[PDB]
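Below you'll find the structure, written out as C-alpha cells, and then a few comments.
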Amino acid sequence: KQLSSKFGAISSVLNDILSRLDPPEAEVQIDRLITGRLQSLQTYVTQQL
Amino acid sequence: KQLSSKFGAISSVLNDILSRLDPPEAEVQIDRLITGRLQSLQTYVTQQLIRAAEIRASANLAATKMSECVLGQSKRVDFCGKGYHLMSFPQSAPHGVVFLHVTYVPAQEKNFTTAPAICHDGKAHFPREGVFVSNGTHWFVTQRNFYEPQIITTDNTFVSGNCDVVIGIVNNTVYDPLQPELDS
Amino acid sequence: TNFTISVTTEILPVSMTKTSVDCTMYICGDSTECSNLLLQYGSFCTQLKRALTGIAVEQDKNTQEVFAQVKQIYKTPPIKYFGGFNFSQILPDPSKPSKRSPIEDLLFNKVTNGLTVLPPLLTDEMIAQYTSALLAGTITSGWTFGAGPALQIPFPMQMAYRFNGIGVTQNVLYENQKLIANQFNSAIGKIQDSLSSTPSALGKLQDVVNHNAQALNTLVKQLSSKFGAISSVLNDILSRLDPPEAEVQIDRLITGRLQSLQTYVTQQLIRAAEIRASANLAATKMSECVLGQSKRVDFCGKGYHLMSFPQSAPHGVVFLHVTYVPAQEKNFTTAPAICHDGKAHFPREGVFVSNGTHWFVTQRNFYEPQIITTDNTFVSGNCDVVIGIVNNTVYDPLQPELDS
Amino acid sequence: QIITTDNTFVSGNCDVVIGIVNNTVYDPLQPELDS
Amino acid sequence: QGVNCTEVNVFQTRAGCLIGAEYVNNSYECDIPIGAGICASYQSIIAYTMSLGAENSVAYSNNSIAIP
Ligand SMILES: *[C@@H]1O[C@H](CO)[C@@H](O[C@@H]2O[C@H](CO)[C@@H](O)[C@H](O)[C@H]2NC(C)=O)[C@H](O)[C@H]1NC(C)=O
Ligand SMILES: *[C@@H]1O[C@H](CO)[C@@H](O[C@@H]2O[C@H](CO)[C@@H](O)[C@H](O)[C@H]2NC(C)=O)[C@H](O)[C@H]1NC(C)=O
Ligand SMILES: *[C@@H]1O[C@H](CO)[C@@H](O[C@@H]2O[C@H](CO)[C@@H](O)[C@H](O)[C@H]2NC(C)=O)[C@H](O)[C@H]1NC(C)=O
Ligand SMILES: *[C@@H]1O[C@H](CO)[C@@H](O[C@@H]2O[C@H](CO)[C@@H](O)[C@H](O)[C@H]2NC(C)=O)[C@H](O)[C@H]1NC(C)=O
Ligand SMILES: *[C@@H]1O[C@H](CO)[C@@H](O[C@@H]2O[C@H](CO)[C@@H](O)[C@H](O)[C@H]2NC(C)=O)[C@H](O)[C@H]1NC(C)=O
Ligand SMILES: *[C@@H]1O[C@H](CO)[C@@H](O[C@@H]2O[C@H](CO)[C@@H](O)[C@H](O)[C@H]2NC(C)=O)[C@H](O)[C@H]1NC(C)=O
Ligand SMILES: *[C@@H]1O[C@H](CO)[C@@H](O[C@@H]2O[C@H](CO)[C@@H](O)[C@H](O)[C@H]2NC(C)=O)[C@H](O)[C@H]1NC(C)=O
Ligand SMILES: *[C@@H]1O[C@H](CO)[C@@H](O)[C@H](O)[C@H]1NC(C)=O
Ligand SMILES: *[C@@H]1O[C@H](CO)[C@@H](O)[C@H](O)[C@H]1NC(C)=O
Ligand SMILES: *[C@@H]1O[C@H](CO)[C@@H](O)[C@H](O)[C@H]1NC(C)=O
Ligand SMILES: *[C@@H]1O[C@H](CO)[C@@H](O)[C@H](O)[C@H]1NC(C)=O
C-alpha cells in the first residue's frame, strides 16, 4: 500500500516522473520519493525485528 | 519538546507559516515540518515499543514468580529469596508488584567428625535419610539441615554390600530395638 | 544396570561491548557551519546519548547480575586430593600469572572518529576471581553456601547427596568410587580435547563480537557516502559552492547521516535487549544449576543433573554440566503388585522385578535386587480389585526371629 | 490407616508440643511375642 | 574518557585519567562505577580498587562435617 503513495513528489510512477519533468528537478523529486520508500522499508524491517 | 524545533523551516509555529506565506512556498514549508515531526513520532513509537516489550518480559517473569512462590512452594534454590524458600506474600504497588519472601537461613554452625558408613558384624550400614555425625566418642545420625542426634537404630538404617568395597568406614555397634524387647 | 557420566558444555553470552557516540564529532567533526545547522534539527542528540548510556548501564548490570551471587570470596585449599576426583583442569593455576585455568585459557585463546569504546566495569581478573570463588564454594561446601554460611562437607558425601536427590539411594557410589572417578577424569580430559577441536564450538561469542564489529564498521563506512550530494567532505562543499546550494547539500548530508545514526542506535538497542534476555537466562542457570541441583529434565545437560561448574569467558560465560546417563540397560518381567495371604502388597519406593524364576524389588534407576521384605512394602486393600497381581511369598523377619 | 509405630517416629516429651491430644497408639509385634 | 592527559592530584586509570580524587591502597565496597574496577566514593573524594568481597577462607578435610 505504501508503494503507491506520492510521498510529496509530483507523481508516484517512475516512468511518469522520469519523462515529463526536467532531470535537474526530476532527480530531486525521485530522490525524495526513494527516501520516503526507504524510510517505509526501514519501518517495516524494524517492526519485523 | 520537539514541537518547538524549527526543522529547517521558517518558524515552528504552524499558524504563523499558514498566515504569512503563499501556498506555493507554504507547501514546501508544510512538507519539511511534516517530515520532521513524523520522524520524531517514528522514533518515539519505536522507543515505546521497545520499552513495552521489556515491560512484557518483566511482567511475564513476575507472573511466573507469583504462580511459583505464592500459590505454592518452589524447591529450586535462590529463585525466591536468598536461602531456602518457605513461602511468600504479594503486595500491591503503583505500576508494579512487591513480594515478601520468607526464607529459612541456617546459622551457628558447629564442627563435627563424620564417616560415610558404619560396618557392623561384617555388613555395612548406611543412613536412610541423614548422615553419621560423631562428636568424638559416640556416633549419631542427624538430618542434613538441623542438628538432632539420635541413637543408631536398624529401622532408620539399611544394609548393603560388604565391609571391604566401601571406603572410610568406622567401627561401632548398632542398637537393635527388637533384642531388648524380646528380653522382657 | 550401569551408569556413564558425560560432561557437556553450553555457552551463553553475558554482555557485549559498550558503545558511546558523540553527535557533533561524528556528524560535523570540525566545521562550525554544521554545528550551527544541527541546532535547527532540535533534540536529536540528547535522546541518542541517553539511550546509549542506558544501554551501557544495562550491560553493566547484566555482567554484574550473573557473577556476583556470592558475598564472600572463597579460597580453594592448597591440597587437590578430593577422593580420586582430579580437579586440575578447571581450578586456577598459580604458574600462570593471569590466574587462568587451562579451560579458561583455551576459551580465551579461541576468541578474537566519534566512536569511543567504554571499558567494562569488571575486568577479566575480577570475573576470574568470581568464577574461582564459585567453583571453590561448590567443590568444598556443597550447595549450602548459596543459602547461608558455608559448611565443610567432604566431596564423596555431597556427591552421595546429589545421587540421593535424583531418586537413587547412596548405596551405589561408595562401591565403585574408583570407576566413577576414572569416568569423571576421562570426561574432563575429552571435553578439554574436544572443546577446541571444532572452530564452530564457540559459536555465540564469536557471533556477537562479529556483529558488534561489523555494525561499528558499517557506521564508520557511512562517512564516505555522498548521500546525493556533490561530495562527502564538509570542507569541500563549503569552500567550493555558493551558500544557497551549500545549505541544501549540507542539509541532505545531515539528514542522511542522522538517519544512519538512528538506524545504528535501533540495531544496538535490539541487540542489547536480546543479550539482556540471554543474560537473565544465564543468571537463572547460575543460580539454579551451580548453587544447587535442579530436578528439571533437559534444562542443564542431556540427562539427569548432578552438578555443574562455571568458567569465565571473554564477553560471556561457559558451563560444564555433569550429567548422569544410564546406558547399558537390561530388561526383565514385572508385575504391579504381589498377593500374599489374601492381601495385596505394594513397593515402598521401588518396582517389583522378576528375572524369570524368583522375584525382587529394586530401585527405579539401578538394578540392585533385594529380597522382598515387609519393611519396604506396605499393605492396602485385598487381592481382587487390583489387576495384574501375581502369587508369591513375602519374607518376614519375625518368623525366624521368634523361634530362635 | 490404624496409627502404628511403623508410620510414626518419636521425639521429645509431652510438655512442649502445643495442641497435643491423648490417645493410645497401636503397636505391631504384640499378638506375636506372647504366642 | 580515554585521554592520556599530558596535554591538558592527577591519577591514571585504564578508563582514562581522573582529576580531583586521590588513590587509596586499601579497598572499600563501592557504589559509583567508573570502568576497569576503579570505584570512587566519598568518605574528600577517594578512588580505590573495587572490593571483591570478604576474603573468607573455609577449611576442608575428608572426615569433617558441619551441621547448623
Ligand atoms: C558426645 O555426646 C554423647 C551423648 O550425649 C556424650 O555422652 C554423654 O556424656 C555424659 C557425660 O558424662 C553422660 O552423662 C551421658 O550419659 C552420656 N550419654 C550417653 C547416651 O551415655 C559424650 O560425652 C559426648 N562427647 C563429647 C566429647 O562431647
Ligand atoms: C573393626 O574391627 C575389626 C576387628 O576384627 C577389624 O578387622 C580386622 O582388620 C584388620 C585390618 O583391616 C585385619 O588385619 C584383621 O584380620 C581383621 N580382623 C578380622 C577378625 O577380620 C576391622 O578392620 C575394623 N574396622 C575398621 C574400619 O577399622
Ligand atoms: C559399567 O561400565 C564401565 C565403563 O563404562 C565398566 O568399566 C570397565 O570395566 C572393564 C572390565 O571388564 C575394564 O576393562 C574397563 O577399563 C572399565 N572402564 C573404565 C572406564 O574404567 C564396568 O565394568 C561396567 N559395569 C559395572 C558393573 O560397573
Ligand atoms: C584426605 O585428603 C588428604 C589430601 O588433602 C589425603 O592426603 C593424601 O595421603 C595419601 C597417603 O598415601 C597420599 O598418597 C596423597 O598424595 C595425599 N594427598 C594428596 C596431596 O594427594 C588424605 O590421605 C585423605 N584422607 C582420607 C582419604 O580420609
Ligand atoms: C589431572 O589431569 C591432568 C590432565 O590429564 C594431569 O596433567 C598431566 O600431568 C602429566 C604428568 O605431570 C603430564 O605428562 C601431562 O602432560 C599433563 N596433562 C595436561 C593436559 O596438562 C594431572 O597430572 C592430573 N592430576 C592428578 C592429581 O592426577
Ligand atoms: C534369578 O535370580 C536368582 C537370584 O538372583 C537366581 O537364583 C540363584 O541361581 C544361582 C545359579 O545356580 C544359584 O547358585 C543360587 O543359589 C540361586 N539363588 C537362590 C536359590 O536364592 C536365579 O537362577 C535367576 N534366574 C535366572 C533365570 O537367571
Ligand atoms: C493365587 O492363589 C489363589 C489361591 O486361592 C488363586 O485363587 C483361586 O484360583 C483358582 C483358579 O483360577 C480359582 O478356581 C479359585 O476359585 C480361586 N480361589 C480364590 C479363593 O480366589 C489365584 O487364582 C492365584 N493367582 C494366580 C495369579 O495364580
Ligand atoms: C572447624 O575446624 C576448622 C579447622 O580445624 C577451623 O578452621 C574452623 O574454624 C572450625 N569451626 C568452628 C566453628 O570452630
Ligand atoms: C526383553 O526381554 C526379552 C526376554 O525376556 C528379550 O527377548 C527382548 O529382546 C528384550 N528386549 C530388548 C529391547 O532387549
Ligand atoms: C601516556 O603517555 C606517556 C608518554 O607518551 C606514556 O609514558 C604513558 O604510558 C601513557 N599512558 C598510558 C596509560 O599508557
Ligand atoms: C599503594 O602501594 C604502592 C606499593 O606500596 C605504592 O607504590 C603506592 O604509592 C601506594 N598508593 C598511595 C596512594 O600511596
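In the C-alpha cells, chains take the letters A, B, ... in the order shown, each chain's residues start at 1, and ligands count up from 1 in the order shown.
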
Surroundings of ligand 1 up to 12 Å, based on only C-alpha atoms and all ligand atoms, as a ChimeraX atom specification: /B:111-113,133-141,148-152,175

Distance filter 10 Å, only C-alpha atoms, chain A against chain B, as a ChimeraX atom specification: /A:7-8,36,39,43,46-47

Close residues, stretch 187-199 of chain C itself excluded, 10 Å, only C-alpha atoms, min 5 positions apart in chain, as a VMD selection string: chain C and resid 4 to 9 86 to 90 102 to 103 106 to 107 109 to 110 181 to 182 206 320 322

Based on the selection just made, write N, CA and C atoms of those residues as an mmCIF file, in the first residue's frame.
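The file below, part.cif, is the result:
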data_model
loop_
_atom_site.group_PDB
_atom_site.id
_atom_site.type_symbol
_atom_site.label_atom_id
_atom_site.label_comp_id
_atom_site.auth_asym_id
_atom_site.auth_seq_id
_atom_site.Cartn_x
_atom_site.Cartn_y
_atom_site.Cartn_z
ATOM 1 N N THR C 4 26.933 -44.054 33.111
ATOM 2 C CA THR C 4 28.049 -43.361 32.479
ATOM 3 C C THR C 4 27.864 -41.867 32.682
ATOM 4 N N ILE C 5 28.870 -41.212 33.251
ATOM 5 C CA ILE C 5 28.839 -39.770 33.465
ATOM 6 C C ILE C 5 29.407 -39.087 32.228
ATOM 7 N N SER C 6 28.636 -38.169 31.653
ATOM 8 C CA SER C 6 29.054 -37.403 30.488
ATOM 9 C C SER C 6 29.067 -35.926 30.846
ATOM 10 N N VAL C 7 30.071 -35.207 30.355
ATOM 11 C CA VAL C 7 30.212 -33.778 30.597
ATOM 12 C C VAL C 7 29.925 -33.044 29.297
ATOM 13 N N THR C 8 28.905 -32.189 29.311
ATOM 14 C CA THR C 8 28.505 -31.410 28.150
ATOM 15 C C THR C 8 28.620 -29.932 28.484
ATOM 16 N N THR C 9 28.992 -29.130 27.494
ATOM 17 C CA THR C 9 29.191 -27.703 27.677
ATOM 18 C C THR C 9 28.162 -26.912 26.881
ATOM 19 N N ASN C 86 40.134 -35.745 40.011
ATOM 20 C CA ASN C 86 41.234 -34.875 39.598
ATOM 21 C C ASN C 86 40.641 -33.564 39.096
ATOM 22 N N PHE C 87 40.579 -32.581 39.986
ATOM 23 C CA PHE C 87 40.051 -31.258 39.659
ATOM 24 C C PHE C 87 41.186 -30.274 39.381
ATOM 25 N N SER C 88 41.935 -30.532 38.310
ATOM 26 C CA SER C 88 43.054 -29.672 37.956
ATOM 27 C C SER C 88 42.855 -28.899 36.663
ATOM 28 N N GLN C 89 41.895 -29.292 35.827
ATOM 29 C CA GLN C 89 41.694 -28.612 34.556
ATOM 30 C C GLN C 89 40.826 -27.368 34.670
ATOM 31 N N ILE C 90 40.135 -27.173 35.792
ATOM 32 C CA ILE C 90 39.244 -26.038 35.947
ATOM 33 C C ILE C 90 39.617 -25.150 37.130
ATOM 34 N N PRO C 102 43.315 -23.776 32.729
ATOM 35 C CA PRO C 102 43.551 -24.231 31.344
ATOM 36 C C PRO C 102 42.312 -24.203 30.460
ATOM 37 N N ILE C 103 41.137 -24.510 31.015
ATOM 38 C CA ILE C 103 39.896 -24.366 30.260
ATOM 39 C C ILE C 103 39.640 -22.898 29.936
ATOM 40 N N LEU C 106 42.071 -21.848 27.227
ATOM 41 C CA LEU C 106 41.659 -22.370 25.928
ATOM 42 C C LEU C 106 40.478 -21.588 25.364
ATOM 43 N N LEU C 107 39.543 -21.180 26.226
ATOM 44 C CA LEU C 107 38.453 -20.317 25.779
ATOM 45 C C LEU C 107 38.959 -18.940 25.366
ATOM 46 N N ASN C 109 41.910 -18.035 24.252
ATOM 47 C CA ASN C 109 42.733 -18.029 23.050
ATOM 48 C C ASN C 109 41.944 -18.325 21.780
ATOM 49 N N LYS C 110 40.700 -18.789 21.893
ATOM 50 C CA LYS C 110 39.875 -19.085 20.729
ATOM 51 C C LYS C 110 38.903 -17.969 20.375
ATOM 52 N N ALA C 181 35.399 -42.065 39.493
ATOM 53 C CA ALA C 181 36.479 -41.085 39.417
ATOM 54 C C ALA C 181 37.206 -41.168 38.081
ATOM 55 N N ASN C 182 37.465 -42.391 37.604
ATOM 56 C CA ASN C 182 38.102 -42.569 36.303
ATOM 57 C C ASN C 182 37.224 -42.033 35.181
ATOM 58 N N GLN C 206 31.707 -15.550 19.297
ATOM 59 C CA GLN C 206 32.234 -15.060 18.030
ATOM 60 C C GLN C 206 31.158 -14.343 17.233
ATOM 61 N N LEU C 320 29.965 -26.171 32.443
ATOM 62 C CA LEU C 320 30.367 -27.571 32.335
ATOM 63 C C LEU C 320 29.372 -28.385 33.153
ATOM 64 N N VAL C 322 27.571 -31.648 34.504
ATOM 65 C CA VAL C 322 27.948 -33.028 34.783
ATOM 66 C C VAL C 322 26.661 -33.828 34.915
#

Test item: residues at most 8 Å from residue C:394, only C-alpha atoms, excluding those fewer than 6 positions along its chain, as a ChimeraX atom specification: /C:340,372-374

Residue set, stretch 8-169 of chain B restricted to strand (DSSP E or B), as a ChimeraX atom specification: /B:84-93,96-104,110-114,118-120,123-127,131-134,139-142,150-151,153,157-162

What would the file look like if the residues just selected were written as a compact mmCIF listing (two decimals), in the first residue's frame with N, CA and C atoms?
# COMPACT_ATOMS: atom_id res chain seq x y z
N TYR B 84 17.02 -21.05 51.60
CA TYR B 84 15.91 -21.96 51.44
C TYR B 84 14.60 -21.19 51.53
N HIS B 85 13.70 -21.43 50.59
CA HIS B 85 12.47 -20.66 50.48
C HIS B 85 11.32 -21.41 51.12
N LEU B 86 10.55 -20.71 51.95
CA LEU B 86 9.38 -21.29 52.60
C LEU B 86 8.09 -20.93 51.88
N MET B 87 7.79 -19.63 51.79
CA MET B 87 6.56 -19.11 51.22
C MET B 87 6.71 -17.60 51.13
N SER B 88 5.80 -16.97 50.38
CA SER B 88 5.90 -15.54 50.13
C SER B 88 4.52 -14.92 50.08
N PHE B 89 4.48 -13.61 50.30
CA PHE B 89 3.25 -12.84 50.30
C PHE B 89 3.34 -11.74 49.25
N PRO B 90 2.34 -11.58 48.39
CA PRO B 90 2.36 -10.47 47.44
C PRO B 90 1.83 -9.19 48.06
N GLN B 91 2.30 -8.06 47.56
CA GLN B 91 1.82 -6.75 47.98
C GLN B 91 1.63 -5.86 46.76
N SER B 92 0.53 -5.12 46.74
CA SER B 92 0.21 -4.27 45.61
C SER B 92 1.05 -3.00 45.65
N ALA B 93 1.48 -2.55 44.47
CA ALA B 93 2.28 -1.35 44.32
C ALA B 93 1.80 -0.57 43.11
N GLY B 96 3.36 -1.79 39.57
CA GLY B 96 4.29 -2.86 39.88
C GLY B 96 3.76 -3.74 40.99
N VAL B 97 4.61 -4.68 41.40
CA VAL B 97 4.30 -5.61 42.48
C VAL B 97 5.52 -5.72 43.38
N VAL B 98 5.27 -5.98 44.66
CA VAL B 98 6.32 -6.15 45.66
C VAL B 98 6.05 -7.44 46.41
N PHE B 99 7.04 -8.33 46.44
CA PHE B 99 6.92 -9.59 47.15
C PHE B 99 7.53 -9.47 48.54
N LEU B 100 7.19 -10.44 49.39
CA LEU B 100 7.77 -10.57 50.73
C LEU B 100 8.16 -12.04 50.89
N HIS B 101 9.37 -12.38 50.45
CA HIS B 101 9.86 -13.75 50.56
C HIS B 101 10.18 -14.03 52.02
N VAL B 102 9.72 -15.18 52.52
CA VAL B 102 10.06 -15.64 53.86
C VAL B 102 11.01 -16.81 53.70
N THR B 103 12.25 -16.63 54.12
CA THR B 103 13.32 -17.58 53.84
C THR B 103 13.80 -18.26 55.12
N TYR B 104 14.33 -19.47 54.94
CA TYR B 104 14.93 -20.25 56.01
C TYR B 104 16.44 -20.18 55.83
N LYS B 110 28.57 -25.79 63.69
CA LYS B 110 29.38 -26.50 64.67
C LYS B 110 30.17 -27.59 63.97
N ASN B 111 31.45 -27.70 64.31
CA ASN B 111 32.32 -28.70 63.71
C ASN B 111 31.98 -30.09 64.23
N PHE B 112 32.09 -31.08 63.35
CA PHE B 112 31.82 -32.47 63.71
C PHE B 112 32.69 -33.38 62.85
N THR B 113 32.88 -34.60 63.33
CA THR B 113 33.66 -35.62 62.63
C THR B 113 32.71 -36.68 62.09
N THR B 114 32.81 -36.98 60.80
CA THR B 114 31.88 -37.87 60.12
C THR B 114 32.61 -39.09 59.56
N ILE B 118 29.02 -47.14 58.39
CA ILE B 118 29.40 -47.87 59.59
C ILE B 118 29.32 -49.36 59.31
N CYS B 119 30.39 -50.08 59.62
CA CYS B 119 30.42 -51.53 59.47
C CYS B 119 30.15 -52.21 60.80
N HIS B 120 29.27 -53.21 60.78
CA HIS B 120 28.87 -53.93 61.98
C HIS B 120 28.57 -55.37 61.61
N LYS B 123 28.72 -56.53 57.79
CA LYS B 123 27.84 -55.91 56.81
C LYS B 123 27.77 -54.41 57.07
N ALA B 124 27.88 -53.63 55.99
CA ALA B 124 27.90 -52.18 56.10
C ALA B 124 26.50 -51.64 56.40
N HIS B 125 26.47 -50.49 57.06
CA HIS B 125 25.23 -49.78 57.34
C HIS B 125 25.31 -48.39 56.72
N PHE B 126 24.17 -47.88 56.27
CA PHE B 126 24.08 -46.58 55.64
C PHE B 126 22.93 -45.79 56.25
N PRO B 127 23.03 -44.47 56.29
CA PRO B 127 21.91 -43.67 56.80
C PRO B 127 20.76 -43.63 55.80
N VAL B 131 23.04 -38.43 58.06
CA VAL B 131 24.48 -38.57 57.91
C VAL B 131 25.06 -38.92 59.28
N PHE B 132 26.05 -39.80 59.29
CA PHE B 132 26.67 -40.24 60.54
C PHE B 132 27.56 -39.12 61.07
N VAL B 133 27.21 -38.59 62.23
CA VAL B 133 27.92 -37.48 62.85
C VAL B 133 28.40 -37.92 64.22
N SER B 134 29.70 -37.76 64.47
CA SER B 134 30.32 -38.14 65.73
C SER B 134 30.90 -36.91 66.41
N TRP B 139 28.48 -42.13 68.08
CA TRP B 139 28.06 -41.84 66.71
C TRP B 139 26.55 -41.70 66.66
N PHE B 140 26.08 -40.64 65.99
CA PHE B 140 24.66 -40.37 65.87
C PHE B 140 24.34 -40.00 64.43
N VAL B 141 23.08 -40.22 64.06
CA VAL B 141 22.54 -39.72 62.80
C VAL B 141 21.84 -38.40 63.06
N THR B 142 21.74 -37.58 62.02
CA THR B 142 21.05 -36.31 62.11
C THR B 142 20.60 -35.89 60.73
N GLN B 150 20.39 -38.82 67.15
CA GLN B 150 19.61 -39.99 67.54
C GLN B 150 20.54 -41.19 67.62
N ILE B 151 20.14 -42.18 68.41
CA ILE B 151 20.93 -43.40 68.53
C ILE B 151 20.78 -44.22 67.25
N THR B 153 19.87 -46.88 65.00
CA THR B 153 18.85 -47.91 65.12
C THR B 153 18.66 -48.54 63.74
N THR B 157 18.28 -47.29 59.29
CA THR B 157 19.46 -47.65 58.51
C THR B 157 19.13 -48.86 57.66
N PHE B 158 19.79 -48.96 56.50
CA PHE B 158 19.60 -50.08 55.60
C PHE B 158 20.95 -50.64 55.19
N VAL B 159 21.02 -51.97 55.10
CA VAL B 159 22.28 -52.68 54.87
C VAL B 159 22.46 -52.92 53.38
N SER B 160 23.71 -52.83 52.93
CA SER B 160 24.06 -53.08 51.53
C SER B 160 25.55 -53.33 51.44
N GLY B 161 25.93 -54.38 50.72
CA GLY B 161 27.33 -54.64 50.44
C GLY B 161 28.07 -55.27 51.60
N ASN B 162 29.38 -55.40 51.41
CA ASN B 162 30.28 -55.98 52.40
C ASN B 162 31.05 -54.88 53.11

Using only C-alpha atoms, find each residue in chain C having at least one atom no more than 9 Å away from chain D; report its shortest atom-to-atom pair and that distance in Å (one decimal), rows by chain then rising number, as CSV.
residue,atom,partner,partner_atom,distance
C:375,CA,D:6,CA,8.8
C:398,CA,D:29,CA,8.2
C:402,CA,D:33,CA,7.0

Residues of chain B within 7 Å of chain C, only C-alpha atoms counted, as a PyMOL selection string: chain B and resi 2+5-8+76-78+82-84+105-107+116+160+165-167

Save out the residues we just selected, C-alpha atoms, as an mmCIF file, in the first residue's frame.
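New file result38.cif:
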data_model
loop_
_atom_site.group_PDB
_atom_site.id
_atom_site.type_symbol
_atom_site.label_atom_id
_atom_site.label_comp_id
_atom_site.auth_asym_id
_atom_site.auth_seq_id
_atom_site.Cartn_x
_atom_site.Cartn_y
_atom_site.Cartn_z
ATOM 1 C CA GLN B 2 10.113 18.503 19.626
ATOM 2 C CA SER B 5 12.065 22.770 16.851
ATOM 3 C CA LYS B 6 12.032 24.569 13.510
ATOM 4 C CA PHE B 7 13.213 21.519 11.477
ATOM 5 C CA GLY B 8 14.844 23.856 8.974
ATOM 6 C CA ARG B 76 14.814 -24.543 43.467
ATOM 7 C CA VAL B 77 17.478 -22.574 45.306
ATOM 8 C CA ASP B 78 17.746 -18.766 45.223
ATOM 9 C CA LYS B 82 18.494 -15.671 49.486
ATOM 10 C CA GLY B 83 18.338 -19.101 51.077
ATOM 11 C CA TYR B 84 15.907 -21.964 51.444
ATOM 12 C CA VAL B 105 18.562 -19.346 56.713
ATOM 13 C CA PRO B 106 20.685 -21.611 58.952
ATOM 14 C CA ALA B 107 23.244 -20.179 61.348
ATOM 15 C CA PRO B 116 30.402 -42.275 55.077
ATOM 16 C CA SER B 160 24.056 -53.076 51.534
ATOM 17 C CA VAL B 165 34.336 -52.327 48.933
ATOM 18 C CA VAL B 166 33.154 -49.261 50.884
ATOM 19 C CA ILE B 167 35.934 -46.868 51.925
#

Nearby polymer residues, ligand 8, at most 9 Å, only C-alpha atoms and all ligand atoms, as a PyMOL selection string: (chain B and resi 108-112) or (chain C and resi 152) or (chain E and resi 57-61+64-66)

Could you please take those selected residues and save N, CA, C and O atoms as a PDB file, in the first residue's frame?
ATOM      1  N   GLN B 108      24.876 -20.479  63.100  1.00  0.00           N
ATOM      2  CA  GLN B 108      25.536 -21.065  64.270  1.00  0.00           C
ATOM      3  C   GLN B 108      26.015 -22.492  63.986  1.00  0.00           C
ATOM      4  O   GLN B 108      25.551 -23.467  64.581  1.00  0.00           O
ATOM      5  N   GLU B 109      26.951 -22.595  63.046  1.00  0.00           N
ATOM      6  CA  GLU B 109      27.493 -23.885  62.651  1.00  0.00           C
ATOM      7  C   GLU B 109      28.362 -24.472  63.762  1.00  0.00           C
ATOM      8  O   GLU B 109      28.832 -23.772  64.662  1.00  0.00           O
ATOM      9  N   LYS B 110      28.567 -25.786  63.691  1.00  0.00           N
ATOM     10  CA  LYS B 110      29.379 -26.497  64.667  1.00  0.00           C
ATOM     11  C   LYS B 110      30.169 -27.592  63.967  1.00  0.00           C
ATOM     12  O   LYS B 110      29.627 -28.324  63.135  1.00  0.00           O
ATOM     13  N   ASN B 111      31.451 -27.698  64.309  1.00  0.00           N
ATOM     14  CA  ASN B 111      32.322 -28.701  63.715  1.00  0.00           C
ATOM     15  C   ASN B 111      31.976 -30.092  64.230  1.00  0.00           C
ATOM     16  O   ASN B 111      31.628 -30.267  65.400  1.00  0.00           O
ATOM     17  N   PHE B 112      32.087 -31.085  63.349  1.00  0.00           N
ATOM     18  CA  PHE B 112      31.824 -32.470  63.709  1.00  0.00           C
ATOM     19  C   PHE B 112      32.687 -33.381  62.847  1.00  0.00           C
ATOM     20  O   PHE B 112      33.158 -32.991  61.776  1.00  0.00           O
TER      21      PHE B 112
ATOM     22  N   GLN C 152      31.705 -27.123  55.804  1.00  0.00           N
ATOM     23  CA  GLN C 152      32.679 -28.051  55.245  1.00  0.00           C
ATOM     24  C   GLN C 152      32.053 -29.430  55.080  1.00  0.00           C
ATOM     25  O   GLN C 152      31.731 -30.095  56.069  1.00  0.00           O
TER      26      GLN C 152
ATOM     27  N   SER E  57      38.028 -17.692  54.027  1.00  0.00           N
ATOM     28  CA  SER E  57      38.625 -18.982  53.717  1.00  0.00           C
ATOM     29  C   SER E  57      37.932 -20.058  54.539  1.00  0.00           C
ATOM     30  O   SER E  57      37.822 -19.935  55.763  1.00  0.00           O
ATOM     31  N   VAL E  58      37.469 -21.105  53.866  1.00  0.00           N
ATOM     32  CA  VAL E  58      36.782 -22.216  54.509  1.00  0.00           C
ATOM     33  C   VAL E  58      37.713 -23.421  54.518  1.00  0.00           C
ATOM     34  O   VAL E  58      38.374 -23.723  53.518  1.00  0.00           O
ATOM     35  N   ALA E  59      37.806 -24.077  55.672  1.00  0.00           N
ATOM     36  CA  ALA E  59      38.659 -25.244  55.814  1.00  0.00           C
ATOM     37  C   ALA E  59      38.069 -26.429  55.055  1.00  0.00           C
ATOM     38  O   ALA E  59      36.943 -26.391  54.555  1.00  0.00           O
ATOM     39  N   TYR E  60      38.854 -27.499  54.967  1.00  0.00           N
ATOM     40  CA  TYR E  60      38.420 -28.696  54.267  1.00  0.00           C
ATOM     41  C   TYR E  60      39.176 -29.900  54.799  1.00  0.00           C
ATOM     42  O   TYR E  60      40.371 -29.817  55.093  1.00  0.00           O
ATOM     43  N   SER E  61      38.464 -31.012  54.921  1.00  0.00           N
ATOM     44  CA  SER E  61      39.051 -32.301  55.247  1.00  0.00           C
ATOM     45  C   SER E  61      38.139 -33.372  54.665  1.00  0.00           C
ATOM     46  O   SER E  61      37.052 -33.076  54.163  1.00  0.00           O
ATOM     47  N   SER E  64      35.434 -34.394  57.949  1.00  0.00           N
ATOM     48  CA  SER E  64      34.912 -33.264  58.704  1.00  0.00           C
ATOM     49  C   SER E  64      33.589 -32.796  58.114  1.00  0.00           C
ATOM     50  O   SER E  64      33.495 -32.524  56.915  1.00  0.00           O
ATOM     51  N   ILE E  65      32.572 -32.687  58.969  1.00  0.00           N
ATOM     52  CA  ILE E  65      31.246 -32.241  58.568  1.00  0.00           C
ATOM     53  C   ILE E  65      30.831 -31.102  59.491  1.00  0.00           C
ATOM     54  O   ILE E  65      31.289 -31.008  60.636  1.00  0.00           O
ATOM     55  N   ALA E  66      29.998 -30.203  58.974  1.00  0.00           N
ATOM     56  CA  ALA E  66      29.426 -29.117  59.757  1.00  0.00           C
ATOM     57  C   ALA E  66      27.912 -29.155  59.630  1.00  0.00           C
ATOM     58  O   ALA E  66      27.380 -29.235  58.518  1.00  0.00           O
TER      59      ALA E  66
END

Exercise answer, 8 Å around ligand 9 with only C-alpha atoms and all ligand atoms, as a PyMOL selection string: chain C and resi 330-333
